[PDB]
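Let me begin by presenting the structure, written as structure tokens, before commenting on it.
Laboratory data are not the source of any read-out in this text; all were calculated from the coordinates shown. Because the Cβ atoms are built from the backbone with ideal geometry, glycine has one as well, and the counts that use them run over all protein chains shown.
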Amino acid sequence: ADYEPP
Amino acid sequence: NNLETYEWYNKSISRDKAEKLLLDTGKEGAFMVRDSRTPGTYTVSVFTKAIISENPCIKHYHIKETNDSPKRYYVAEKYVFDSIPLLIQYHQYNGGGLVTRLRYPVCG
């Protein structure tokens, strides 16, 4: 969610 | 580290630097991949070329790993492969779903 939600 | 051998694997330099350094370059679909403090998944720093006046849009994605070949690495809920680079290739060789998909390997 935090890391550029792929 | 096959990853570190690609034109996108940036050292321990968090995506912030990859993004900061990469975003500054302004490479359409410029990407990179670094190992997050949680050396479990690989973080890919990508930069997309935007026409708007606000400037291009660059983004990074942490490669999600799994326990199923090839659905091992994935930076999306369906893009799982035993090769981040391949997946990297997939992140562009296939429609994709992230900033103009993987385009240029701007390995910080």
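Just a few scattered comments:
- Spatial separation of Cα centroids for the stretch B:1-64 and the stretch B:65-108, in angstrom: 13
- Computed over the protein assembly as shown, the P(r) curve from all C-alpha pair distances, binned at 5 Å from the origin, holds 3, 14, 25, 27, 19, 8, 3, 1, 0 percent per bin.
- Entries of B:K27/B:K59; B:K11/B:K71; B:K17/B:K78 with Cα pairs more than 21 Å apart: B:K11/B:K71; B:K17/B:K78
- Here the dipole of the stretch B:12-108 is about 40 debye; that uses its Cα centre as origin and unit charges on the Cβ of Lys and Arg (positive) and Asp and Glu (negative).
- 5 angstrom amide H check on B:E65, placed H, neighbours 5+ away: B:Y74
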